[PDB]
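Engineer: Supplied in structure tokens, the structure appears directly below.
Protein chains: 2
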Amino acid sequence: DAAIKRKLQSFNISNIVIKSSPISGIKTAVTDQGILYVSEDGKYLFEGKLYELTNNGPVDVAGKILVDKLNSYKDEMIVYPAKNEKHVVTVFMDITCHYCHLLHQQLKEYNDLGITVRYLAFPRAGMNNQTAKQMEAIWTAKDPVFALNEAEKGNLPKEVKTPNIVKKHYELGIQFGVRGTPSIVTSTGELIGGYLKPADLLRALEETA
Amino acid sequence: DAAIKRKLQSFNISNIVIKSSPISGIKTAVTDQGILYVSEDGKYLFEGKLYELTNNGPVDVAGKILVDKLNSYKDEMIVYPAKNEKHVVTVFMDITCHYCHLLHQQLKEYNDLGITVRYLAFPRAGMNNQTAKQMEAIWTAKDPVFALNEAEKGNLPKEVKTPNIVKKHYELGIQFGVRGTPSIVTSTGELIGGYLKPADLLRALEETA
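Residue numbers (the authors' numbering), protein chains in the order written: chain A, 2 to 210; chain A', 2 to 210. A prime marks a further copy of an entry chain.
See below:
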């Protein structure tokens, strides 16, 4: 991993970070230009996308590289655990979205189907508005569940913070390909992005192991 | 190379053809979906693009895989050799193009600068018109140089054939990224696509070794 990030610097490649590529001789170089792939040597770069069709289909190796990134935010997520979970899905949500709202009005149901809902923020209209500022407030509050539960009931925070964690959540969403909300990211890194009622959300999860 | 094209068939991948990838453990799989990269094993596919910045910059490995493809058409090219060549450039040309025309009116000059001009066809307005049919005729004639020399003087062939070799030349041009004519492809696989007077064409070639 040592003899590498040198030539990459000399190729305008930022925040270089090496890793376990499912292909020896190479290392999954999670750079600021994307999830690259480089030789132990460091003379060949893949600015493409590495897969493995396994059986279900063209499953991108970086899918799992990405999921770790997300999970690594666990303590920023606004969790709504279930009696005892059978599923743990992360949802990208926006406070001004009817379906995100609806999905929220059913945490009890999702919870009661053994699905733990974990929220990450996804301010659609960019980080430049009262709305993106309210979510920062909500996500960093003293008790996010209360803050969020109240925002969903119409009580937005009067004061407000500057987008930061919501920004980090946003950017991670794009990496996943979030193009609207709500968007449910499976615990196996998948992505059934879009609203899905309790029941339906269950099958979708059970069907795809 | 044996234990490979099996899973690839089982991933809707046509005209599979393995090859020398500058990276062991893998093989430059020139498929009908593009120049892929696969593991000796055959469980991992790169549907991306492999490079090597060397020194001049991000030189694509498939550049050389491609050039061989082109060169492999040598006996279809309409050549205009020079006393004794110092350069051998392949030009994608169209008969209804002012600059392709102009470039042609100077074969003597290019020739006299030690540059052998080799023409491949590139019918821009697709293979569906009198023009694409005339070039097929020209490229497959009994003496293409005469046929072409005459087409450039305004004497197009009366009869006409159905696009085929011009088609193969066309498709190879797109692979190279030809977006207009003329487009000069260097002997080192490069691509200074666009008109370039004799002199200028020389430097461009000499500068880049």
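All C-beta atoms in this analysis are idealised placements derived from N, C-alpha and C, irrespective of residue type, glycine included.
Leaving out the 5 sequence neighbours to the left and right, which residues in its chain are closer than 8 angstroms to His170/A when beta-carbon positions are compared?
Structural biologist: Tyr74, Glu77, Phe93, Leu121, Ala122, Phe123 and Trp140
Engineer: Return the CA-CA distance between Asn85/A and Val118/A, expressed in angstroms with no decimal places.
Structural biologist: 12 angstroms
Engineer: With DSSP collapsed to three states, give me the class of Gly35/A.
Structural biologist: strand
Engineer: Using the DSSP secondary-structure output, state which residues sit across from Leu46/A in a beta bridge.
Structural biologist: Answer is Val39/A.
Engineer: What is the rounded straight-line gap between the Cα of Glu110/A' and the Cα of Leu54/A'?
Structural biologist: 35 angstroms
Engineer: Taking 8 angstroms as the limit between beta carbons, can you name the residues of its chain near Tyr38/A, skipping five residues before and five after?
Structural biologist: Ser22, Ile24, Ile27, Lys28, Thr29, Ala30, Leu46, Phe47, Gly49 and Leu51
Engineer: Return helix, strand or coil for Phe123/A', following the three-state DSSP convention.
Structural biologist: DSSP places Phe123/A' in coil when its eight states are reduced to three.
Engineer: Which class does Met94/A belong to by DSSP, given the choice of helix, strand or coil?
Structural biologist: strand
Engineer: Return the residues of the stretch 111-126 of chain A that lie within a Cβ-Cβ distance of less than 9 angstroms from chain A', sorted by chain order.
Structural biologist: none
Engineer: Anything in the stretch 38-52 of chain A' with a Cβ closer than 8 angstroms to a Cβ of chain B? List those residues in chain order, please.
Structural biologist: Within the model displayed, chain B is absent; protein chains A and A' are what it includes.
Engineer: Classify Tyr196/A as helix, strand or coil using the three-state DSSP reduction.
Structural biologist: It is coil, neither helix nor strand.
Engineer: Give me the Cα-Cα distance between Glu137/A and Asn165/A, rounded to the nearest whole angstrom.
Structural biologist: 7 angstroms
Engineer: Using a threshold of 8 angstroms, state whether the C-beta atoms of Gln107/A' and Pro199/A' are closer than that.
Structural biologist: yes
Engineer: Do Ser188/A and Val80/A have their C-beta atoms within less than 8 angstroms of each other?
Structural biologist: no
Engineer: Taking only three categories from DSSP, how would you classify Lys162/A?
Structural biologist: coil
Engineer: Note down, in chain order, every chain A residue with its Cβ under 9 angstroms from the Cβ of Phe93/A'.
Structural biologist: Near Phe93/A' there are no residues of chain A at all, since even the closest Cβ is about 26 angstroms away, more than 9 angstroms.
Engineer: Quick check on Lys168/A: does DSSP put it in helix, strand or coil?
Structural biologist: helix
Engineer: Counting only Cβ-Cβ distances shorter than 7 angstroms, please list the residues of the stretch 12-37 of chain A' near chain A, keeping chain order.
Structural biologist: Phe12, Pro23, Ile24, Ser25 and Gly26
Engineer: Taking the alpha carbon of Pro59/A' as the point to measure from, which residue in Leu103/A, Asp201/A, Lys8/A and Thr32/A has its own alpha carbon closest?
Structural biologist: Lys8/A
Engineer: Can you give me, in chain order, the residues of the stretch 194-205 of chain A that have a beta carbon less than 7 angstroms from any beta carbon in chain A'?
Structural biologist: none
Engineer: Let's test the definition: count the other Cβ atoms within 10 Å of the Cβ of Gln135/A and tell me whether it reaches 16, buried, or not, exposed.
Structural biologist: buried
Engineer: Is the separation between the beta-carbon of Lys65/A' and that of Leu173/A' shorter than 8 angstroms?
Structural biologist: In this structure, the beta-carbon distance from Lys65/A' to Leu173/A' does not fall below 8 angstroms.
Engineer: If contact means a Cβ-Cβ distance below 8 angstroms, which residues of the stretch 164-187 of chain A' contact chain A?
Structural biologist: none
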